[PDB]
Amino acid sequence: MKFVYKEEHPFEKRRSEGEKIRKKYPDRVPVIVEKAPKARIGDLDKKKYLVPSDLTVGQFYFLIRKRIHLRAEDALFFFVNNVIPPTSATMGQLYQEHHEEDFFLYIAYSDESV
């Protein structure tokens, strides 16, 4: 999957901004959230998040769930580098293992678990 955000900003601008955000908010991680290519699910109004590193992935699911106005019966899946991240992880842990070289963590969401 390609992210619109990577398609709109040259790599060097991304890395420069990511580097600065990590220095300026060391208790947080910068995260880009976009809908997966062929997913049938609501749109997400905002895609750039400055997330406390101690927030769990589970809590972030809930937060994103709310922004999309998903009902509880509705499914939501995160994908990071083709892996579904564990809900028990903190966003800081997820960020450490999966952030890209522009210092951003990219998360795709979908109604499908594949």
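Each residue number is its position in the shown sequence, starting from 1. Rigid core (definition): largest C-alpha set, two forms, superposition within 1.5 Å.
Colleague: Relative to the presented form, and with the rigid core used for superposition, do the C-alpha atoms of 28 to 36 or of 71 to 79 deviate more in 7 other deposited structures of this protein?
Modeller: Result of the core-fitted comparison in 7 other deposited structures of this protein: 71 to 79 deviates more.
Colleague: Averaging CA B factors per stretch from the PDB record, which one is higher: 51 to 59 or 72 to 80?
Modeller: Stretch with the higher mean C-alpha B-factor: 72 to 80.
Colleague: So 38 to 46 or 22 to 30, which one's hotter by mean CA B-factor in the entry?
Modeller: Between 38 to 46 and 22 to 30, it is 38 to 46.
Colleague: Where does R14 sit by CA temperature factor within its chain: lowest, middle or highest third?
Modeller: It belongs to the middle third of the chain when residues are ordered by C-alpha B-factor.
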